[PDB]
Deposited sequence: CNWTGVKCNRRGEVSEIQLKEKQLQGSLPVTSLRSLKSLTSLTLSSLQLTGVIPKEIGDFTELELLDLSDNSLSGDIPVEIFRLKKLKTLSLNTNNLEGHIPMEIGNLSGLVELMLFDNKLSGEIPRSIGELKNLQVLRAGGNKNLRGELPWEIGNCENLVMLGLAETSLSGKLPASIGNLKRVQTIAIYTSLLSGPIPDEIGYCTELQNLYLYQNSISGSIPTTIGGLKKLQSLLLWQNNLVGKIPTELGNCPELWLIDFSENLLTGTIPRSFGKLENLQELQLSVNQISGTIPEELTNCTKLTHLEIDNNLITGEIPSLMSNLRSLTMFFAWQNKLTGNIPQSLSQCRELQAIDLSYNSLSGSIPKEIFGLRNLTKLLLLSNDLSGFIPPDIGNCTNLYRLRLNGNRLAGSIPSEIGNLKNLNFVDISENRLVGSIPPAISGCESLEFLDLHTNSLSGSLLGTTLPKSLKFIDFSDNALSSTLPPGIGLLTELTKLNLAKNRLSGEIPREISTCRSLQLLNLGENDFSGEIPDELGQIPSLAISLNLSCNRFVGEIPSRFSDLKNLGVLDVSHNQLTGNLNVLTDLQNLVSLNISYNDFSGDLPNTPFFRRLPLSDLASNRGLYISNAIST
């Protein structure tokens, strides 16, 4: 009996059995004191004969497929200090007789199929330390009051269960409890004030419930408190200033609640705060200067609130800041230059605010910044030339501001830049040919600007998926170079001064799902090649130009087209070439010179009558029976 995995007692009989990761299967010495069969891929029920070893202090069945209920006689072993049934399929209620185990220290039921309530008998276990039952979706009911009687409790977690109701005031009694995890559950009601009575509490995870009332002030008296995750609940009221009295607290998440009030000035006292998340609340006030005393702060997410004022200039005092999101507030003044002294900033989102003045150039001196999102503010000035200094810029959105002048040619310095949106501004001049040097640029939106001059195919990086130049002053002709953007998908040139023929090389853009040429000076006949992208699916808008001739025959090949608008042109002839397009959803042929009959299909009887009326000869016909 010297076999590996077996331990004999000093009186010679078998004491311990140990097996792990042996890839077994199926179902599964009255002195044996510890039994571990774990990672064995066993199935079926726990044999009710498990009670036949009356000497067991430890039963570890964890990480198998084992099924059925938990044999109640497993609770007839009163020397058991450890029970791990976790990571199995066991179903059933938790037996009341569990209270009969005086010596149970660690109890692990988690990641099972279990259901029912938690027996009120857990309070009979006076030496219980870790209770982890979470990851049972049907384990439910209120948390029993008697839970306050487990005096030595250290870890409680019920996370990802159906557990509901209010945490009982009983929790005042666990004076050694370090971690309470009940998260993504059915909990409701207010956090009980009496939780301020757990002195040893370190981490509180109540996130993703519906928890009402307000955050109890008494949480400030928790001297050892470290992590607070309250996010996605109903929490109302002001953030308690007493949280500043919790020295070890490096993490606070109140995101997505109803809170009101000011971000507390006492937060300055918090020397260890790495992450502060308040997003989606009703919080008001200015950002307090004392929060800049927060040296270890990496993430500050204050977005989606009522915060007012100017961004504090002392923000330079936080040298470890990575992510700063203030979007959807009411913030005034300049983006302070001194924000560029946070050398570790990866991401800034100041979008949806009132910020004014120019964008300080020093921000583009940030070497690790992949995201600058300033969209929707009152921003004015030029885009600094220093924009090429920003090596890692990936996502850039300046849209919805007043920024003036030309787009600096340095932006072609940026080799990682995937996404730029400068739409809805005052920008002028030509689009700088230097942008052709953005190797990575897939999405470019310049729409609603004052841009002018002549487009060029040599001006565009070949990797572009998406281009919107609409609503500008752009003139002359669409270049044949357009045939070189083979990955292009949406292309919108609408509302410009563009003219001439449509170049036939558009047919060599093989990826195109959307083409909007609407409202320009284009003329000539719509080329035969336009029907040659089988890819055109989403939309084709040729409206409001000078096009003449007949709708081209190859058009019947656009079998995936769902929207076509040819309105306000000089086009003539019939629509017969359009009568086989079954996926055609929206068609605007109005204000043209078309004539001839349309079938009585439910499609064409949907076309407005004024639509047909703006043409030369259009009318619905009736087929000869």
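No C-alpha positions are given for the deposited-sequence stretches 29 to 35, 633.
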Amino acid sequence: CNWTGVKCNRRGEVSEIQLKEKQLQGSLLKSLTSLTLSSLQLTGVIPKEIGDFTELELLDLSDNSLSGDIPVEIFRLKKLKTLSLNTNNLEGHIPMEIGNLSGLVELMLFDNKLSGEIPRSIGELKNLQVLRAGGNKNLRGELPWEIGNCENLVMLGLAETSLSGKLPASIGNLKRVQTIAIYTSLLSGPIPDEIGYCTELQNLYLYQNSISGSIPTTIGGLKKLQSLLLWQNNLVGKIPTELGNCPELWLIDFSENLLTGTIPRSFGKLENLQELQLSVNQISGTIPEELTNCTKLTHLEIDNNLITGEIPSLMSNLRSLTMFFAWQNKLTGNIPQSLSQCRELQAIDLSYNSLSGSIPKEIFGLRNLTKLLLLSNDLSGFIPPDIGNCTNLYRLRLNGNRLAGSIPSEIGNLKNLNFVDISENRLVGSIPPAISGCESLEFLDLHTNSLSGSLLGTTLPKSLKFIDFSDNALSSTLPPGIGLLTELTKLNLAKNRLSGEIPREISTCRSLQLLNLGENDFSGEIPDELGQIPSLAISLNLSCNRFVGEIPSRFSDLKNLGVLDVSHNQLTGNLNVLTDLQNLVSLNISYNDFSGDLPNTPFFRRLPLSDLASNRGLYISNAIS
From here on, numbers count along this sequence of modelled residues.
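Relative to one another, 127 to 135 and 450 to 458 have unequal mean CA B-factors, and 450 to 458 is the one with the higher figure. Per-stretch averaging of Cα B factors for 101 to 109 and 240 to 248 places 101 to 109 on top. Reading the B-factor column for the CA atoms of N257, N272, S553, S214 in the entry, the top value corresponds to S553. Among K296, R426, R510, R397, the highest C-alpha B-factor in the deposited entry belongs to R510. Among all modelled residues in its chain, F75 ranks in the highest third by Cα B-factor. Per the PDB record, residue ranking by Cα B-factor puts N592 in the middle third of the chain. Among all modelled residues in this chain, the alpha-carbon of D386 has a temperature factor (C-alpha) in the middle third.
For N569, the recorded CA temperature factor ranks within the middle third of the chain's modelled residues.
Among the modelled residues of its chain, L584 has a C-alpha B-factor that falls in the middle third according to the deposited record.
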